[PDB]
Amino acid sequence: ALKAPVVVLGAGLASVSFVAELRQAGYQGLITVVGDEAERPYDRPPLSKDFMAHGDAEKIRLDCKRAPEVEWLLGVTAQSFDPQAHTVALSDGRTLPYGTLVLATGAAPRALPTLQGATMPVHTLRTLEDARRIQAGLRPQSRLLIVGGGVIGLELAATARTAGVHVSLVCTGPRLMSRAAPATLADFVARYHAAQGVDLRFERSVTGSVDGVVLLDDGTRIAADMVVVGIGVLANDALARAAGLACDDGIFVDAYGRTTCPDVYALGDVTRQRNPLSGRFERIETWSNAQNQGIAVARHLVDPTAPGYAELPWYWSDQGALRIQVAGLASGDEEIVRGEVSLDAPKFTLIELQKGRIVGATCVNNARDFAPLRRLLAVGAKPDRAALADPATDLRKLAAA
């Protein structure tokens, strides 16, 4: 089952969460983690917000103290593994033996092929190195172009506007946050950013660029001092593909984190896994998944009687004055709206239902409602839809009653 020594590839949140849980659960054998970035392990969400704005990396490091006696090989790239020999080949010339190999290599931003041979600054925002580069360009009154409608770009947009940067945004879809966001939320978020001065361009695609100007598929132009591309990510599953594991933009795993290769597991952004609400396999790119899937896989490795990963998906996004939380599915056969949807002091809750059962929820600036809604969601609650809409209802009381 759990055979020593343990080797983990990748040193992001999923990896740290996994190795801390192994130790906490009682595994005392060797643990070695291989991390290609030459950085003390760190959390990524601040890179679009407080770090981008204030620049102190020592406020964003992950706490590894619950993971004693781990050798962290930082600035080292795993180049291949041999699943018959049970070895991993490292970029520094060394080889590591393993009893159990864990792939926690995350995902990397997709490049924009139309900006391939561009001669103006084009960045993505994934690493501390990216953030530092971008941050050095957030000069007040500079012109920033964001490509893509996802949350990371929108988080950057808010930070940039607060810094006095002019921000334009190009989105191929008809709405922002096309993945895992109710349309009601997406529409409101566009209204918010527009009111904050973001110049939004929907159903546009970047066709190329010429001397400091971006070209679009409608035949028009946008001039920018910098482009930040955020059109999604691709799983870092190359080692798994080469070694013969089942992969398709992500390594397929079950609820125990098992790949198709014996003694090899995977967790975090690199995985394609079952979403219990949809019953379909998806690559879940959330902070909560990285942490919770890592913990669950470790727990079951040390104690095989433990259940497999069972958590329902959720995330947050902090976009200026909007503290957004979203759980479960974006839609069902019914949406209930609690509160008014307004740019004047935004505060509201959405609830998605499917045949009476809660299958998703959204809170904007309403954290107190989010936790009980996640509990109701987890057990597939079917509350009175009238009470759910009635603003005199206490959802926290409901999650108990």
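Residue indices: 1-based, along the sequence shown.
- In this entry, 175-183 has the higher mean Cα B-factor, the comparison being between 175-183 and 75-83.
- The stretch with the higher mean CA B factor, choosing between 256-264 and 212-220, is 212-220.
- You'll see in the entry that, of 190, 147, 138, 298, the Cα B factor peaks at 138.
- Within the listed group 326, 125, 239, 120, the record reports its top CA B-factor for 120.
- Among all modelled residues in its chain, residue 61 ranks in the lowest third by Cα B-factor.
- Remark: residue 25 belongs to the middle third of its chain, ranked by C-alpha B-factor as recorded.
- In the deposited entry, the Cα temperature factor of residue 335 places it in the middle third of its chain's modelled residues.
- For residue 344, the recorded CA temperature factor ranks within the highest third of the chain's modelled residues.
- Per the deposited record, the Cα B-factor of residue 362 falls in the middle third when ranked against the other modelled residues of its chain.
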